[PDB]
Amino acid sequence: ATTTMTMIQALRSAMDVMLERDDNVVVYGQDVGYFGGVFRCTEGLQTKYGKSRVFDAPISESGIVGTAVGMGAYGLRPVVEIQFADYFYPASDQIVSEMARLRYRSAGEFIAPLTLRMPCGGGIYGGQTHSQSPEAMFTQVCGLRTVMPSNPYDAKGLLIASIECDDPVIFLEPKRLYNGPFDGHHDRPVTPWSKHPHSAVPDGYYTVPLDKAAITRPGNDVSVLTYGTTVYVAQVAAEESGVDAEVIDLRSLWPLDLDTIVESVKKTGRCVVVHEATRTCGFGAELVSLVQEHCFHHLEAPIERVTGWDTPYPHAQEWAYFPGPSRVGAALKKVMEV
């Protein structure tokens, strides 16, 4: 059947399903066990499956990821959490030097079928260490697979898919989208998921295929490459600009759905990349580089990118930082210009 879920409940369900599906699946991390996570994402799981399967961990990111790598080498399927994406850094070494290269350097002898869920994104007065978007810290690591959902349905499906994937998955979750969709309008109080499309979530097992982007708003004027919170930002902004922009939710950051992208820009003739992450050397640059490589002649204008400023995430200046419908909108007009 089906139940109406929030992103939180969807992710929780995904873990509940896989926790049941596969004996080797284990869930751990800080406050993940008894308390059920500082975001409710793991509520009741420990009660249901036992401490041996879902448990609380010491405050040690490299410890969490490191032990997980060892657990994988043995043959488990660790779904492990890091409270905020901003705190992954201490695990950098285990992530890049070990988790990503375990299969390659052993010629397949040992593998790391791990999933790291890290809540990410800003737009919540998070400040410097509660709101960064470090996807570019991972997409550049050979051997990793980075994924970010934008709605409960995809959140559950992409998570189940991610856990089952035998490659290590960095699963980024936009906490801005935890309780409901968010377009960048803080003036208008935010609505829950129940009043929106894609909160209808199947109760049991199902997947959303990796490496497959999703056209949210079909258009002919501009291709808009984006993911996470900026998907809903691009949508609303497309409506306000008037511009008939095609909105693509990459869903899988890297590896990505290259065809869907090239197909859109090829038809369109112009594209705008949008992400919360800071400009310089962000994920947007690879996207710009890819489009430029495969859609050069079909390109009717320079590829634009609306991103967060090259600055640490501020608190008071929140809405001057976060790329909102206005700032995105301007770029949609800018590309459509002769």
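In this text, residue numbers run from 1 along the sequence as written.
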Look over 258 to 266 and 161 to 169 in the entry and identify the one with the greater average Cα temperature factor.
-> 258 to 266
Mind pulling up the entry and telling me whether 294 to 302 or 275 to 283 has the higher mean Cα temperature factor?
-> 294 to 302
Residue with maximal Cα B-factor (values as given in the PDB entry) among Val96, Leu177, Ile111, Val236 | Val236
Out of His196, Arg103, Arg77, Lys156, highest CA B-factor residue | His196
Based on the entry's values, in what third of the chain does the Cα temperature factor of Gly72 lie: lowest, middle or highest?
-> lowest
By its CA B factor, does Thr230 count among the lowest, middle or highest third of the modelled residues in the chain?
-> middle
Ordered by C-alpha B-factor within the chain, which third holds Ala14? Give me lowest, middle or highest, please.
-> lowest
Looking at the C-alpha B-factor of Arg117, is it in the lowest, middle or highest third of its chain?
-> lowest
Sort the modelled residues of this chain by their C-alpha B factor and say whether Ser252 lands in the lowest, middle or highest third.
-> middle
